[PDB]
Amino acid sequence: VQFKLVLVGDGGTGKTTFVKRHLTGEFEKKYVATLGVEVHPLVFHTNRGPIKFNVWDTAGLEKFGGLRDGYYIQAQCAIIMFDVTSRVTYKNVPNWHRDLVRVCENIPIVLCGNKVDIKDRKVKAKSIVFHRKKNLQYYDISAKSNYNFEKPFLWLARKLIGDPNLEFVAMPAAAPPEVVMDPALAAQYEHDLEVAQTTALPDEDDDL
């Protein structure tokens, strides 16, 4: 099954970072503002078979907005993102919600407060009530720590498939192929390994 998912919310809230973490496993530290939209397929393996989200990761900065609500057409679900370290991003949640539901009247929507890994939280738990009258699911998330990072998709999967017991399952693990070292690429690998060994791994003070 495939579902169009639109991701909306203020610039720099972590939309692209979140999706990239889900696509590749990487944590992009750099802020490169999305230009209009980036669309990526994202598959989860479930106890009811694979689910594919067509992720429309939209630009939150007004100057890079592109088609704006044009991106929302035939969305089947949505994430509204804000940053719990930036109060303005929560203040703008009703504006994103407004623009989204005008185009997508009856879709499951998750509100995500991102960056809960940051000690100095500015949007406190008690302030976050917008979801209640709007029937949005809410999660505190961190694209950085992976806190609840699967919850938005699990909840939307359960809503779209109409099965509240749907679980993410371990994607099957085919036997990997036996390796033939290519003698011609020998000197090639020595180089590449050299560069990799002398580039520092990031975040050497993290738990892993």
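Definition used throughout: the rigid core is the maximal C-alpha set that superposes within 1.5 Å between two forms. In this text, residue numbers run from 1 along the sequence as written.
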query: Higher-deviation stretch (C-alpha RMS, rigid core fit) in 5 other deposited structures of this protein, choosing from 177 to 185 and 141 to 149; finding: 177 to 185
query: Mean Cα B-factor comparison, 172 to 180 or 45 to 53, giving the higher one as deposited; finding: 172 to 180
query: 120 to 128 set against 93 to 101, stretch whose average Cα temperature factor tops the other in the entry; finding: 120 to 128
query: Criterion, highest CA B-factor; candidates, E28, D163, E150, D140; finding: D163
query: Among modelled residues of the same chain, the CA temperature factor third for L23; finding: middle
